[PDB]
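Remarks on the structure that follows.
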Amino acid sequence: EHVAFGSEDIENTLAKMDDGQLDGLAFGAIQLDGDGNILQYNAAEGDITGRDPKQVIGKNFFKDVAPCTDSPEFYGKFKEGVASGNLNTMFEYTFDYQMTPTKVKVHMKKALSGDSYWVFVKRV
Ligand SMILES: *C(=O)/C=C/c1ccc(O)cc1
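Residues 2 to 125 (the deposited numbering) are what the sequence shown spells out, left to right.
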């Protein structure tokens with residue numbers, strides 16, 4: 002798939018993409034429910050972070066997979082967006098739990114489908 006990171010209509014392009022389609026993207030893509038449980042997780046994300054995209058589905062991103070994100074700067078933004086029903090924020094961050102610290106750019110954006118939120122990730 003040819004979709005740019007940060008593209009304005011990304012939620013429309015990715016909407017209802019199956020797991021296989023998402024694996025064609027040139028950046029990491031995670032879909033979370035409103036509680037932070039992982040619904041989808043693509044190959045590019047697993048290459049960035051080391052996690053196995055097959056095993057993380059169903060785990061809680063903030064409580065277990067990615068505790069380094071449970072701060073106001075990441076999780077706090079996420080839950081504000083869930084509470085309001087509108088989320089569109091892009092910021093750099095470092096992923097450092099049980100891994101070499103890895104600097105990324107994160108884009109969180111509400112998905113079109115119900116109770117769904119995208120977390121997009123690229124290397125910086
Ligand atoms: C901090 O604990 C970050 C961890 C992490 C970020 C993103 C992922 O896809 C997996 C783990």
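C-beta: ideal position from N, C-alpha, C; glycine also.
Problem - In chain order, each beta strand (DSSP E) run of at least 3 residues that lies wholly inside the segment 7-62 - result: The segment 7-62 contains these whole beta strand (DSSP E) runs: 29-33 and 39-42.
Practice task
Report the three-state DSSP secondary structure of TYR94 (helix, strand or coil).
Solution key: Sequence index remark: in the sequence shown, residue 94 carries index 93 (1-based). Here DSSP, grouped into helix, strand and coil, assigns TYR94 to strand.
Problem - Per-residue burial, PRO73 [other beta carbons within 10 Å of its own, 16 or more giving buried] - result: The residue labelled residue 73 in the question sits at position 72 within the sequence shown. By the neighbour-count criterion, in which 16 or more other beta carbons inside 10 Å mark a residue as buried, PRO73 falls on the exposed side.
Exercise for the section: Give a yes or no on whether the C-beta atoms belonging to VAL83 and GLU93 are separated by under 8 Å. Expected result: In the sequence shown, counting from the first residue as 1, residue 83 sits at position 82. In the sequence shown, counting from the first residue as 1, residue 93 sits at position 92. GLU93 sits away from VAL83, with the two beta carbons spaced by 8 Å or more.
Handout entry: Burial state of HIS108 (16 or more Cβ within 10 Å)
Key = Residue 108 sits at position 107 when you count from the first residue of the sequence shown. It is buried - the Cβ of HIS108 has at least 16 other Cβ atoms within 10 Å.
Handout entry: Buried versus exposed call for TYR42 [16 or more other C-beta atoms within 10 Å across all chains shown]
Key = Position 41 of the sequence shown, counted from the first residue, corresponds to residue 42. It is buried - the Cβ of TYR42 has at least 16 other Cβ atoms within 10 Å.
Handout entry: Reference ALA5, options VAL66, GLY25 and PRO68, closest by Cα
Key = Walking along the sequence shown from the start, residue 5 turns up at place 4. Per the Cα distances, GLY25.
Problem - the segment 27-47 / the segment 58-73 touching (three or more Cβ pairs under 8 Å) - result: With a cut-off of 8 Å on Cβ pairs, the segment 27-47 is in contact with the segment 58-73, counting three or more such pairs.
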